[PDB]
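Single-structure report; data block below.
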Amino acid sequence: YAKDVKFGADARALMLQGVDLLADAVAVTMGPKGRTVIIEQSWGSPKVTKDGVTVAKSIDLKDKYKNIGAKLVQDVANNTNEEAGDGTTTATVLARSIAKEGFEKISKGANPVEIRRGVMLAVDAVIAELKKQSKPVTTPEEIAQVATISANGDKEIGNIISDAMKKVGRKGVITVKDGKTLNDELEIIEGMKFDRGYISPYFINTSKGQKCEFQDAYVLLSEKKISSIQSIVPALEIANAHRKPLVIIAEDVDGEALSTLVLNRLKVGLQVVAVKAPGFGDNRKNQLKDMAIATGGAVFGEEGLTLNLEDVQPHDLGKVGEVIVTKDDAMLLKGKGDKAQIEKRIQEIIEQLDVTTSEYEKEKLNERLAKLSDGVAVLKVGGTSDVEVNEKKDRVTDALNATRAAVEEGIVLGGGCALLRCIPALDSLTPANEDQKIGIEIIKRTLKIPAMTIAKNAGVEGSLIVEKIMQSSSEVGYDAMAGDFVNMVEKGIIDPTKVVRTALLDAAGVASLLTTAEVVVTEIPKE
Amino acid sequence: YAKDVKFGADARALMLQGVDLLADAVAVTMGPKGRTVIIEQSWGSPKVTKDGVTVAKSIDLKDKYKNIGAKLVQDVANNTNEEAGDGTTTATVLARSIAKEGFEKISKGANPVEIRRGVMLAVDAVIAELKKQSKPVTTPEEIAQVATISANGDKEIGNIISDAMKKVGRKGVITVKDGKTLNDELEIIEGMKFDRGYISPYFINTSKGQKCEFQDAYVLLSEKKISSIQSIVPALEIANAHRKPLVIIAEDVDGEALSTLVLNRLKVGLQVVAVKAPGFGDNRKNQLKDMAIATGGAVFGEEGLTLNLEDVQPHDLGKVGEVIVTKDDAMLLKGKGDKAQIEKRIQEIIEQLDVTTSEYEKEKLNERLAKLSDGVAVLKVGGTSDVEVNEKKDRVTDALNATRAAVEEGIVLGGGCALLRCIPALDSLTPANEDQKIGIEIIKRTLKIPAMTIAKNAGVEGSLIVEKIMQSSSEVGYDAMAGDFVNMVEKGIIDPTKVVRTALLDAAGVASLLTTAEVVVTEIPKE
Amino acid sequence: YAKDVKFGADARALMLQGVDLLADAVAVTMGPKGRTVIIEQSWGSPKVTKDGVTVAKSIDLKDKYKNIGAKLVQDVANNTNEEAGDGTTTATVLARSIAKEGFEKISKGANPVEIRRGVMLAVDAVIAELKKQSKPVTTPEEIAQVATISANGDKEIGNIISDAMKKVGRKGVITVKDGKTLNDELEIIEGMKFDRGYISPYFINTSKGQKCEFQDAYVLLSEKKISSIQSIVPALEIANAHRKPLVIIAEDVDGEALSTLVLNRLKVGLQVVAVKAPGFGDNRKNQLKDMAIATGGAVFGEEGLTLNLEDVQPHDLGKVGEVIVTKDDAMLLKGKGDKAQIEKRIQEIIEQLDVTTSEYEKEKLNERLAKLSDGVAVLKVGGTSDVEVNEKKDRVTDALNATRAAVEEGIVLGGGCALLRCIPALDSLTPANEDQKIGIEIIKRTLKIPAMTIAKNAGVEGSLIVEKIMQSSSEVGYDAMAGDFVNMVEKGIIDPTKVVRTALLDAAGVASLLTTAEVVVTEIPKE
Ligand SMILES: Nc1ncnc2c1ncn2[C@@H]1O[C@H](COP(=O)(O)OP(=O)(O)OP(=O)(O)O)[C@@H](O)[C@H]1O
Ligand SMILES: Nc1ncnc2c1ncn2[C@@H]1O[C@H](COP(=O)(O)OP(=O)(O)OP(=O)(O)O)[C@@H](O)[C@H]1O
Ligand SMILES: Nc1ncnc2c1ncn2[C@@H]1O[C@H](COP(=O)(O)OP(=O)(O)OP(=O)(O)O)[C@@H](O)[C@H]1O
Ligand SMILES: [K+]
Ligand SMILES: [K+]
Ligand SMILES: [K+]
């Protein structure tokens with residue numbers, strides 16, 4: 001395939017136009033007075049978003065040379081999402097500023113490799129200073145403030161997130177789902193949800209709602225399918241002797257066992273129910289064992305130390321204070337497993353979690369941890385239309401990510417005030433020569449851009465706001481929503497350290513290396 | 001397919017334009033002040049590179065007649081990579097210089113075949129003089145200097161490479177892998193890594209990390225799959241009699257043996273573990289025998305002298321002081337094989353290595369040598385993005401190649417100073433007639449180009465630098481990074497002989513033969 | 001398909017332009033100062049060649065009417081290659097000269113059929129005179145001179161070819177193969193090479209190189225596969241009784257026989273080896289019988305006079321003084337077959353060679369002859385690149401062809417001096433009428449062209465050189481490389497008769513018949 005090659009200033013010029021166009025497109029969404037973007041979809045209704053990384057990833061340009069810069073800065077935003085999930089617009093504005101200035105600063109005498117090296121040194125100093133500036137999290141009021149900021153100032157969302165974190169712990173499982181109502185709702189899930197329904201309608205004993213409700217039931221856990229009359233009779237005999245209900249959790253129930261169970265239940269009122277085993281593969285076995293410890297029962301049919309169904313004993317069955325079964329799910333509430341083994345299981349699970357990490361295994365392990373310890377919370381997001389629901393869940397997910405991050409790390413000043421306060425640290429650096437001298441001064445001049453961009457999106461002159469803020473004491477900042485100068489901490493306009501430091505480091509490294517180009521090669525367009 | 005034919009001066013002119021364009025494109029990356037090139041990729045993010053051969057192989061032009069010269073000089077660079085892996089830009093600059101001058105020198109009276117013959121004679125003299133100039137390697141400081149030069153002046157990379165060579169020997173196995181961290185790290189691998197995990201989770205005995213840790217274990221090596229209770233019982237009986245742990249390395253474990261092993265381990269605490277055999281085909285057998293000598297054990301089931309599992313004896317099992325097994329790998333640390341047989345095995349392996357050579361077999365043999373003698377080192381290259389990681393591993397691989405080459409051969413002056421010092425040798429040649437007289441003078445005028453190119457990339461006039469250097473004493477040279485005249489040896493700016501001599505010989509031979517063209521034929525472009 | 005038809009002078013004109021263009025393209029490569037041609041390849045690197053027939057076959061033109069002449073004269077060159085493999089440029093220059101003059105000589109009154117008849121008579125006289133001029137070959141110095149001429153003056157190639165002919169005889173087998181080194185090498189193959197490796201690594205007895213080396217071994221030749229223990233035991237018993245090594249050459253070895261052999265070798269040190277039979281089909285049988293006579297053994301399992309393995313006798317096994325077996329090949333050096341049967345076999349083979357001829361059967365028969373009598377020589381051609389290696393093997397193959405031809409026939413003056421000296425013979429012819437008078441004068445004027453072309457390629461005026469040569473005594477000629485007049489025989493610039501006579505006859509007949517055209521029909525180009 002034939003290709004075209006361009007050299008030097010023209011290539012840099014097209015590079016910078018492409019970067020500027022993409023970054024201008026993304027920048028409109030930033031801050032409390034930013035606006036949303038709609039992206040056309042070829043198969044239905046277009047999404048409406050205020051998400052920088054979404055905008056960046058959604059834009060590709062026909063012009064080949066602009067396309068390099070476009071794809072690189074969309075990747076920068078994508079990396080920001082990959083790591084923090086937020087801060088992406090800040091990363092983008094930093095990237096455009098540094099790339100632009102570098103392109104208009106490069107000269108015959110400059111040496112980009114030392115320039116970038118000095119950039120790396122200065123940014124490392126910046127993150128060091130930020131880490132020294134960080135403060136721990138202590139109050140639910142602070143978490144709620146962070147959540148409100150991340151949710152674009154939605155106090156109801158912030159309150160719901162704070163309540164959820166209180167209920168499920170700061171490391172609990174929170175999931176977002178579409179609502180069918182005008183208002184958002186917080187639903188708390190306790191115990192064990194495993195999405196298996198009743199096997200036979202005959203087992204229903206509660207008319208209102210067609211529910212199976214039993215008290216003080218025996219628990220039978222079978223890893224393998226239950227088939228034989230000889231395998232089933234001893235357990236039912238034990239249950240009838242003790243006059244207690246029985247719940248049978250098994251891989252499957254075969255025709256003969258199912259017919260016997262339903263027929264006996266119909267003709268005697270025998271309190272029995274059967275349900276499918278949850279999870280597939282080794283996951284099924286994991287849940288079965290976890291339930292065994294939780295209820296104080298045993299798992300029958302294990303490959304190691306195989307325990308036979310023919311000789312089931314009364315002490316091998318778990319005990320649960322309440323069981324609720326419906327068409328979609330089944331519930332055991334008050335297991336009777338011993339606390340010491342429960343603690344052993346939780347400890348081993350967290351150790352397994354700490355050894356090897358992947359998205360699937362971490363998700364399953366976290367789900368198990370919550371199920372075994374505290375439960376999970378699901379926030380259902382309501383709305384009149386799919387586009388509106390999507391637009392709000394975007395902000396809700398951003399808020400959740402931000403709150404989790406502010407749980408892992410400390411806080412810094414929001415609104416760019418932390419970055420503005422970081423300028424004195426760069427004045428202590430001593431460059432060995434001109435290339436890093438240029439790098440440090442560039443960083444000292446670029447780190448300020450977010451505040452100007454925020455003020456511009458607010459319709460005020462960022463230069464005047466930043467000058468008054470930097471001339472003010474460290475505890476004073478500018479609230480862009482009110483349009484005033486205030487002490488930021490009492491208003492609660494604060495940001496997590498990790499997001500900003502990651503965005504700065506990634507954007508600076510990537511774009512600063514980009515600024516070393518002299519020649520660009522692209523394929524000639526085909527017919 | 002219809003084709004077009006052109007004759008003489010026009011064909012040569014287009015040839016030289018194509019060569020010049022490609023070589024100009026490649027030359028920007030050369031030397032300490034060279035810059036990087038980005039190459040568009042049709043399936044994702046574009047690579048950023050400073051690699052001459054990569055640039056050359058990545059460029060193809062639409063114009064048919066330029067394309068001949070383009071492909072020939074990319075091949076020249078490719079040959080340089082095929083042999084040295086470095087020096088490719090130097091080879092390219094030599095090729096362009098000689099090709100250009102030849103094209104603008106050819107005349108009715110010239111006879112290219114004697115011209116090229118004289119070129120070959122003179123270059124042979126040049127390599128002879130270089131080989132006389134070469135000096136052996138003696139110090140880790142010199143190796144570190146070479147590594148730093150090849151890594152584009154990265155002292156951290158040079159230090160890490162020097163430490164790696166110290167740990168694994170000058171002929172050890174070093175591999176490059178992607179990092180997940182901001183900084184590079186050096187990891188040392190001792191013993192035998194074979195990438196097989198534990199067969200059964202039941203065998204785990206260490207809670208923290210889910211590891212199998214055993215001391216003074218017996219080693220069972222089975223080439224074939226282990227199936228029968230009769231085949232397994234004697235070994236477990238021996239192990240229990242001697243009250244020592246057992247590790248079973250076998251092709252596979254069947255259902256009955258696996259169930260018996262896991263059940264016994266669970267019910268008694270019997271110290272047993274089983275793992276898959278590593279390697280496939282005859283490679284598996286090779287590792288099994290090598291482990292047999294290493295541990296002092298025997299291999300059961302061999303086709304020759306078949307040894308039965310039914311009559312296993314205590315002395316047929318290897319002994320190892322420590323074994324560590326985890327999900328991904330297993331480790332035996334302190335084998336008890338006899339040193340004389342270990343030495344016999346290493347000797348036979350190196351003899352096999354010396355008989356027949358191919359990339360796969362050499363790789364496997366080197367891996368075995370390191371595993372049996374000293375181990376292997378892996379350098380993990382960190383970074384914030386795939387493009388950055390790729391760009392740095394390129395330089396790291398170049399550096400590794402350069403250090404290996406400087407281990408095989410001697411050193412010469414870097415920066416082109418060796419080639420500049422080679423001019424007096426050509427003044428001793430006596431040509432028989434005009435065609436070789438022209439060839440020798442051409443070589444004497446072209447060998448100087450690298451220094452001018454280095455100075456030009458440094459932004460200084462190569463003619464003045466080269467003149468002052470050649471007017472200076474032999475031990476004085478110009479450091480392009482500082483921009484000064486210095487004694488090169490103390491600064492450590494030195495180059496391996498092989499790379500330069502190979503690049504010179506290949507470039508001269510190929511392009512000098514190319515300079516014999518009069519007519520070029522290409523196919524007419526299709527619609 | 002619609003077609004276009006043209007008549008007379010226009011058709012002849014386009015015919016001659018096409019012939020002239022193609023011939024001009026080819027002519028640049030001729031003689032000691034000719035240059036090379038590069039031909040574009042659509043799948044990789046273009047070949048570089050100095051070969052007239054290659055150039056001619058590689059050229060096709062879009063213009064339909066030129067294409068007839070182009071294809072006809074490429075065919076002429078191809079015929080020259082088909083017969084001689086050299087002389088192709090001379091044939092082409094003769095063809096263009098005669099075709100051109102004929103086209104510009106044809107007139108209303110000329111009768112081309114008698115013109116061509118006279119051409120045929122005169123050329124027949126020319127070959128008669130050449131055959132009278134021919135002289136036998138007597139000295140290795142003369143063969144070396146011929147080889148040097150054909151190799152474009154390469155004395156190293158000429159020396160290597162002369163040494164090869166000395167080692168393997170003037171009718172031995174010589175093959176060309178790619179080298180992996182900078183220099184060419186001559187390798188001599190004696191005995192029997194059949195490209196089969198050892199069946200089992202267990203049979204290896206020499207550590208250095210992993211070779212099977214045995215002395216005074218028995219030879220077992222089995223046409224069919226060896227399977228049964230009953231079939232194998234008697235031979236091994238005989239070998240152990242006589243305490244001599246055994247080599248088993250068989251179609252294949254089955255699992256049981258292979259296991260027994262390897263196990264016995266391992267446990268006793270029994271000197272046995274097994275190898276695959278070489279050749280497929282009846283070729284396998286031919287080699288097996290030939291080895292039977294060579295070693296004095298017998299072939300077991302033949303369809304006629306089937307000899308059983310169960311009753312093998314000590315005298316049925318061949319004897320060989322030394323056997324070397326490695327991974328790729330096996331060698332028996334000093335067979336003990338009776339000379340009278342060896343001579344009978346060689347005689348029958350050469351008689352079979354003389355009865356029926358095809359390329360495959362002749363190749364196999366010649367290979368067998370060399371293997372049974374003297375062995376074969378392989379010249380390995382070195383070089384830095386595939387294109388260079390190809391360019392040199394082309395000349396080497398040309399040289400081999402030329403030396404073989406000069407072994408079959410005599411010699412004449414090179415440089416066209418023989419053809420120049422042939423002019424007096426045509427002055428004795430008496431034409432019956434004008435058409436053959438024209439034919440004879442045309443031939444007398446065209447036969448001189450090669451010398452002018454040689455001088456033109458040398459950059460001197462061929463007319464003056466030819467005039468001085470023809471004015472000189474018969475033993476004096478012009479060396480174009482030095483540019484002087486010399487006695488050709490002492491310098492050794494001489495040519496084989498067959499190549500020149502064949503080229504002249506084919507070119508004259510074909511083009512002279514071509515010169516009888518009046519109308520040309522071609523298809524109208526499609527869309
Ligand atoms: N009312 C406010 N007053 C002052 N600063 C504010 C106010 N509201 C938000 N900010 C600041 O806006 C910045 C975040 O804006 P935004 O979320 O649009 O940028 P981003 O995180 O880069 O974009 P994205 O969410 O797509 O990654 C924070 O620094 C925050 O402190
Ligand atoms: N600071 C320096 N002063 C003087 N010479 C230097 C300096 N740094 C590097 N050089 C010289 O640059 C030359 C190598 O440059 P470079 O690696 O770009 O060329 P190349 O090896 O042909 O390219 P490639 O790595 O793609 O094969 C060496 O001769 C080296 O001595
Ligand atoms: N140094 C020389 N002096 C005089 N004549 C020479 C000299 N070298 C070669 N020749 C003559 O050149 C002629 C052969 O040239 P060349 O091989 O190029 O023609 P060709 O055989 O028709 O081409 P091809 O090899 O493609 O078939 C011979 O007649 C040879 O005697
Ligand atoms: K935003
Ligand atoms: K380079
Ligand atoms: K020729």
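Convention: chains lettered A, B, ... in structure tokens order; per-chain residue numbering from 1; ligands numbered from 1 as shown.
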Test item: chain B residues at most 9 Å from chain C, counting only C-alpha atoms, as number ranges by chain: B: 1-4, 7, 68, 71-72, 75, 79, 108-109, 111-113, 303-306, 348, 351-352, 354-356, 505-506, 509-510, 513-514, 516-523
Deliver the residues from the most recent selection as a file, using N, CA and C atoms, as a CSV table (one decimal), in the first residue's frame.
chain,number,residue,atom,x,y,z
B,1,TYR,N,1.2,-9.5,-18.2
B,1,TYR,CA,1.1,-8.1,-17.7
B,1,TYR,C,2.1,-7.2,-18.4
B,2,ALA,N,1.5,-6.1,-19.0
B,2,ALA,CA,2.4,-5.1,-19.6
B,2,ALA,C,3.3,-4.4,-18.7
B,3,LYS,N,4.5,-4.1,-19.1
B,3,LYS,CA,5.5,-3.5,-18.3
B,3,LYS,C,6.2,-2.3,-19.1
B,4,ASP,N,6.8,-1.4,-18.3
B,4,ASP,CA,7.6,-0.3,-18.9
B,4,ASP,C,9.1,-0.5,-18.6
B,7,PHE,N,15.9,3.4,-19.8
B,7,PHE,CA,17.3,3.1,-20.0
B,7,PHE,C,18.2,4.2,-19.4
B,68,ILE,N,12.4,0.3,-6.5
B,68,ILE,CA,13.5,-0.6,-6.5
B,68,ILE,C,14.6,-0.2,-5.5
B,71,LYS,N,13.4,-0.6,-1.9
B,71,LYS,CA,13.4,-1.9,-1.4
B,71,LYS,C,14.8,-2.5,-1.2
B,72,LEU,N,15.7,-2.1,-2.1
B,72,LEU,CA,17.1,-2.6,-2.0
B,72,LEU,C,17.8,-2.0,-0.7
B,75,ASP,N,16.3,-3.6,2.3
B,75,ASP,CA,16.9,-4.9,2.5
B,75,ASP,C,18.3,-4.7,3.1
B,79,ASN,N,19.4,-6.6,6.3
B,79,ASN,CA,20.6,-7.5,6.4
B,79,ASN,C,21.4,-7.1,7.6
B,108,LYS,N,30.7,6.7,-19.8
B,108,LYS,CA,30.9,5.8,-20.9
B,108,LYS,C,32.2,5.0,-20.7
B,109,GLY,N,33.3,5.6,-20.2
B,109,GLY,CA,34.5,4.9,-20.1
B,109,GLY,C,34.7,4.1,-18.8
B,111,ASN,N,34.2,1.1,-16.1
B,111,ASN,CA,33.9,-0.3,-16.2
B,111,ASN,C,33.5,-0.8,-14.8
B,112,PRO,N,32.2,-0.8,-14.5
B,112,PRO,CA,31.7,-1.1,-13.1
B,112,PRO,C,32.1,-2.4,-12.5
B,113,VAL,N,32.4,-3.4,-13.3
B,113,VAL,CA,32.8,-4.7,-12.7
B,113,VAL,C,34.2,-4.6,-12.1
B,303,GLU,N,11.5,-46.3,27.0
B,303,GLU,CA,11.4,-47.4,26.0
B,303,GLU,C,12.6,-48.3,26.0
B,304,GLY,N,13.8,-47.7,26.2
B,304,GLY,CA,15.0,-48.5,26.4
B,304,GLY,C,15.2,-48.7,27.9
B,305,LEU,N,15.5,-50.0,28.3
B,305,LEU,CA,15.7,-50.4,29.7
B,305,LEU,C,14.5,-49.9,30.5
B,306,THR,N,13.3,-50.4,30.1
B,306,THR,CA,12.0,-50.0,30.7
B,306,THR,C,12.1,-50.4,32.2
B,348,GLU,N,27.8,-32.9,27.3
B,348,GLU,CA,27.1,-33.5,26.1
B,348,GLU,C,26.1,-32.4,25.5
B,351,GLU,N,28.1,-30.0,23.5
B,351,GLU,CA,28.5,-30.6,22.2
B,351,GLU,C,27.4,-30.7,21.2
B,352,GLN,N,26.2,-31.0,21.7
B,352,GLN,CA,25.0,-31.0,20.8
B,352,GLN,C,24.7,-29.6,20.3
B,354,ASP,N,26.9,-27.5,19.7
B,354,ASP,CA,28.0,-27.1,18.7
B,354,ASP,C,27.8,-27.8,17.4
B,355,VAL,N,27.0,-28.9,17.3
B,355,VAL,CA,26.9,-29.7,16.1
B,355,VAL,C,26.0,-29.1,15.1
B,356,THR,N,24.7,-28.8,15.4
B,356,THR,CA,23.8,-28.3,14.5
B,356,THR,C,23.0,-27.1,15.1
B,505,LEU,N,30.7,-4.0,5.0
B,505,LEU,CA,30.9,-5.0,4.0
B,505,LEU,C,29.6,-5.2,3.2
B,506,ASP,N,28.5,-5.4,3.9
B,506,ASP,CA,27.2,-5.7,3.3
B,506,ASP,C,26.8,-4.5,2.4
B,509,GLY,N,29.2,-4.0,-0.7
B,509,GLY,CA,29.0,-5.0,-1.7
B,509,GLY,C,27.7,-4.8,-2.5
B,510,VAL,N,26.6,-4.7,-1.7
B,510,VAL,CA,25.3,-4.6,-2.3
B,510,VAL,C,25.2,-3.4,-3.2
B,513,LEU,N,27.4,-3.3,-6.3
B,513,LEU,CA,26.9,-4.1,-7.4
B,513,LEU,C,25.7,-3.4,-8.0
B,514,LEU,N,24.8,-2.8,-7.2
B,514,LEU,CA,23.7,-2.0,-7.7
B,514,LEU,C,24.1,-1.0,-8.7
B,516,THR,N,25.9,-0.9,-11.1
B,516,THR,CA,26.2,-1.4,-12.4
B,516,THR,C,25.0,-1.5,-13.3
B,517,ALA,N,23.9,-0.9,-12.9
B,517,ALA,CA,22.7,-0.9,-13.7
B,517,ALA,C,22.7,0.0,-14.9
B,518,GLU,N,22.0,-0.4,-15.9
B,518,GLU,CA,21.8,0.5,-17.1
B,518,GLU,C,20.4,0.6,-17.4
B,519,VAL,N,19.6,-0.4,-17.2
B,519,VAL,CA,18.2,-0.5,-17.6
B,519,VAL,C,17.4,-1.1,-16.4
B,520,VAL,N,16.2,-0.6,-16.3
B,520,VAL,CA,15.3,-1.0,-15.2
B,520,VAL,C,13.9,-1.3,-15.9
B,521,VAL,N,13.3,-2.4,-15.5
B,521,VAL,CA,12.0,-2.9,-16.0
B,521,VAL,C,11.1,-3.0,-14.8
B,522,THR,N,9.9,-2.4,-15.0
B,522,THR,CA,8.8,-2.6,-14.0
B,522,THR,C,7.5,-2.8,-14.7
B,523,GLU,N,6.5,-3.4,-14.0
B,523,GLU,CA,5.2,-3.6,-14.6
B,523,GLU,C,4.4,-2.3,-14.7
What are the closest atom pairs, with distances in Å to one decimal, for each residue of chain A lying within 8 Å of ligand 4, using only C-alpha atoms and all ligand atoms, rows by chain and rising residue number, as JSON lines?
{"residue": "A:26", "atom": "CA", "partner": "ligand 4", "partner_atom_place_in_ligand_line": "1 (K)", "distance": 7.9}
{"residue": "A:27", "atom": "CA", "partner": "ligand 4", "partner_atom_place_in_ligand_line": "1 (K)", "distance": 7.3}
{"residue": "A:28", "atom": "CA", "partner": "ligand 4", "partner_atom_place_in_ligand_line": "1 (K)", "distance": 8.0}
{"residue": "A:29", "atom": "CA", "partner": "ligand 4", "partner_atom_place_in_ligand_line": "1 (K)", "distance": 4.8}
{"residue": "A:30", "atom": "CA", "partner": "ligand 4", "partner_atom_place_in_ligand_line": "1 (K)", "distance": 3.8}
{"residue": "A:31", "atom": "CA", "partner": "ligand 4", "partner_atom_place_in_ligand_line": "1 (K)", "distance": 6.2}
{"residue": "A:34", "atom": "CA", "partner": "ligand 4", "partner_atom_place_in_ligand_line": "1 (K)", "distance": 7.4}
{"residue": "A:50", "atom": "CA", "partner": "ligand 4", "partner_atom_place_in_ligand_line": "1 (K)", "distance": 5.9}
{"residue": "A:51", "atom": "CA", "partner": "ligand 4", "partner_atom_place_in_ligand_line": "1 (K)", "distance": 5.2}
{"residue": "A:52", "atom": "CA", "partner": "ligand 4", "partner_atom_place_in_ligand_line": "1 (K)", "distance": 5.0}
{"residue": "A:86", "atom": "CA", "partner": "ligand 4", "partner_atom_place_in_ligand_line": "1 (K)", "distance": 7.9}
{"residue": "A:87", "atom": "CA", "partner": "ligand 4", "partner_atom_place_in_ligand_line": "1 (K)", "distance": 7.3}
{"residue": "A:88", "atom": "CA", "partner": "ligand 4", "partner_atom_place_in_ligand_line": "1 (K)", "distance": 6.9}
{"residue": "A:89", "atom": "CA", "partner": "ligand 4", "partner_atom_place_in_ligand_line": "1 (K)", "distance": 5.2}
{"residue": "A:90", "atom": "CA", "partner": "ligand 4", "partner_atom_place_in_ligand_line": "1 (K)", "distance": 7.9}
Once you have the residues from the selection above, write them out as a compact mmCIF listing (two decimals), in the first residue's frame, restricted to N, CA and C atoms.
# COMPACT_ATOMS: atom_id res chain seq x y z
N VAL A 26 -13.98 18.04 23.46
CA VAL A 26 -14.19 17.41 24.76
C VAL A 26 -14.41 18.45 25.86
N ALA A 27 -13.74 19.60 25.78
CA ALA A 27 -13.66 20.53 26.91
C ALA A 27 -15.01 21.12 27.31
N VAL A 28 -15.99 21.13 26.41
CA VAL A 28 -17.28 21.76 26.70
C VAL A 28 -18.03 21.11 27.86
N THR A 29 -17.70 19.87 28.20
CA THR A 29 -18.44 19.13 29.22
C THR A 29 -17.93 19.34 30.63
N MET A 30 -16.83 20.06 30.80
CA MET A 30 -16.11 20.05 32.07
C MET A 30 -16.71 21.03 33.07
N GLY A 31 -16.69 20.63 34.34
CA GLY A 31 -17.02 21.50 35.45
C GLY A 31 -18.51 21.64 35.73
N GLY A 34 -20.48 22.93 32.78
CA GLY A 34 -20.33 22.27 31.51
C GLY A 34 -21.65 21.73 30.99
N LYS A 50 -21.98 13.51 29.22
CA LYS A 50 -21.12 14.59 29.69
C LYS A 50 -19.75 14.04 30.05
N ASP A 51 -19.36 12.93 29.42
CA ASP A 51 -18.20 12.15 29.83
C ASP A 51 -17.05 12.38 28.86
N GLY A 52 -15.94 12.89 29.39
CA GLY A 52 -14.82 13.28 28.55
C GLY A 52 -14.25 12.10 27.78
N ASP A 86 -12.23 8.84 36.07
CA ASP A 86 -12.65 10.24 36.14
C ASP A 86 -11.44 11.09 35.76
N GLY A 87 -11.50 12.39 36.04
CA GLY A 87 -10.37 13.26 35.76
C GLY A 87 -9.97 13.34 34.29
N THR A 88 -10.73 12.68 33.41
CA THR A 88 -10.29 12.51 32.03
C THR A 88 -10.20 13.84 31.29
N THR A 89 -11.14 14.75 31.54
CA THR A 89 -11.09 16.05 30.89
C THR A 89 -9.87 16.84 31.35
N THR A 90 -9.58 16.82 32.65
CA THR A 90 -8.36 17.46 33.15
C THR A 90 -7.13 16.90 32.45
Nearby residues (only C-alpha atoms) at most 7 Å from residue 450 in chain B, same-chain spacing under 4 positions excluded, as a list in words: residues 90, 93, 416 and 454 of chain B
Shell of 9 Å around residue 370 in chain A, only C-alpha atoms, local chain residues under 5 positions omitted, as number ranges by chain: A: 168, 171-173, 190-191, 365, 375-376
Using only N, CA, C and O atoms, please write the residues we just selected to a file, as a short mmCIF file (atom, residue, chain, number, x, y, z; two decimals), in the first residue's frame.
data_model
loop_
_atom_site.label_atom_id
_atom_site.label_comp_id
_atom_site.auth_asym_id
_atom_site.auth_seq_id
_atom_site.Cartn_x
_atom_site.Cartn_y
_atom_site.Cartn_z
N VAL A 168 -23.34 -1.17 53.64
CA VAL A 168 -22.54 -2.30 53.17
C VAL A 168 -21.05 -2.15 53.47
O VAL A 168 -20.25 -2.98 53.02
N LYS A 171 -16.05 -0.93 51.69
CA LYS A 171 -15.53 -1.81 50.65
C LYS A 171 -16.59 -2.79 50.14
O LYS A 171 -16.25 -3.80 49.52
N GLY A 172 -17.86 -2.51 50.40
CA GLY A 172 -18.93 -3.37 49.95
C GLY A 172 -19.14 -3.33 48.45
O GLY A 172 -18.51 -2.58 47.71
N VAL A 173 -20.05 -4.19 48.00
CA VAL A 173 -20.39 -4.31 46.58
C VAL A 173 -21.59 -3.42 46.28
O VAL A 173 -22.65 -3.58 46.89
N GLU A 190 -29.35 -8.41 51.75
CA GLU A 190 -28.64 -9.12 52.80
C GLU A 190 -28.64 -10.61 52.46
O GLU A 190 -29.32 -11.05 51.53
N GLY A 191 -27.87 -11.37 53.22
CA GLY A 191 -27.86 -12.80 52.98
C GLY A 191 -27.30 -13.21 51.63
O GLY A 191 -26.38 -12.59 51.09
N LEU A 365 -14.99 -13.11 43.84
CA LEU A 365 -14.51 -13.12 45.22
C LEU A 365 -15.14 -12.01 46.05
O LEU A 365 -15.53 -12.24 47.20
N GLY A 375 -23.52 -8.56 52.83
CA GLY A 375 -24.48 -8.39 51.76
C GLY A 375 -24.04 -7.33 50.77
O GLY A 375 -22.93 -6.79 50.83
N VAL A 376 -24.95 -7.02 49.85
CA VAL A 376 -24.65 -6.13 48.73
C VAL A 376 -25.78 -5.11 48.62
O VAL A 376 -26.90 -5.32 49.10
#
